[PDB]
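Take a look at the structure set out below.
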DNA sequence: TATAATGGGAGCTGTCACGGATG
């Protein structure tokens, strides 16, 4: 269904705060922010989609995503809150795309 | 309002009640679509704590 | 890169036999 202004603003806000939380998690862990974003994205999408990312130096397989999710799970509370924020941010990005998929059709019919 | 404790003094044909009262007063806040509530239902907040 | 914009649009007009699907 289409979004009401409130739902739209809420989804966009969750996405932005999730990106910020991924940056903070890269600050804490010392890992690469792209690897962290890919692990969060994999866990939100599920094991149905796990493939190698070109920019990533490591072949993203469920064993490595489990290792990195364990490195993220072994964090204090005020640090693991960032992992929670990132997970919800990716989950919000998904629905933000899916909600506005209609606009793409209404624009592309003219090309 | 509820009366926690009650101190009384007798003087003449009257009693003067010192009441240790405790009560709650409402203050409504309006939320706009660009605002988000950062506080759950029935949570306790102090002076300085963020609600919206 | 920033107002808002949120589901398309043609189609255009055999004749038969056969094997498979359905009803």
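Protein chains in written order, with PDB author numbering: chain F, 92 to 202; chain D, 317 to 368.
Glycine included, every Cβ here is placed at the ideal spot set by N, Cα and C.
Applying the criterion that 16 or more other CB atoms from any shown protein chain within 10 Å of the CB defines a buried residue, is residue i buried or exposed?
i, result
"residue 36/F", "Since the first and last residues shown for chain F are 92 and 202, residue 36/F lies out of range."
"residue 63/F", "No answer is possible for residue 63/F: it lies beyond the span of chain F, which begins at 92 and ends at 202."
"residue 367/D", "exposed"
"residue 96/F", "exposed"
"residue 331/D", "exposed"
"residue 126/F", "buried"
Measuring only between beta-carbons, confirm whether residue i sits less than 7 Å from chain D.
i, result
"residue 106/F", "no"
"residue 94/F", "no"
"residue 97/F", "yes"
"residue 130/F", "no"
"residue 100/F", "yes"
Note down, in chain order, all residues in the stretch 327-360 of chain D with a beta-carbon under 7 Å from any beta-carbon belonging to chain F. For the stretch 327-360 of chain D, residues whose beta-carbon sits nearer than 7 Å to a beta-carbon of chain F comprise 349, 350, 352.
What residues in the stretch 156-172 of chain F bring their beta carbon closer than 8 Å to a beta carbon of chain D? Listed in sequence order: no entries.
Quick check: the stretch 100-120 of chain F against the stretch 346-358 of chain D, are there 3 or more CB pairs under 8 Å? yes
Between the stretch 120-137 of chain F and the stretch 147-165 of chain F, are three or more C-beta pairs nearer than 8 Å? Contact between the stretch 120-137 of chain F and the stretch 147-165 of chain F is present, with at least three C-beta pairs closer than 8 Å.
Completely contained alpha helix (DSSP H) runs for the stretch 142-176 of chain F, where each covers 4 or more residues: 153-164
So does the stretch 109-124 of chain F actually touch the stretch 170-184 of chain F, counting three or more Cβ pairs closer than 8 Å? yes
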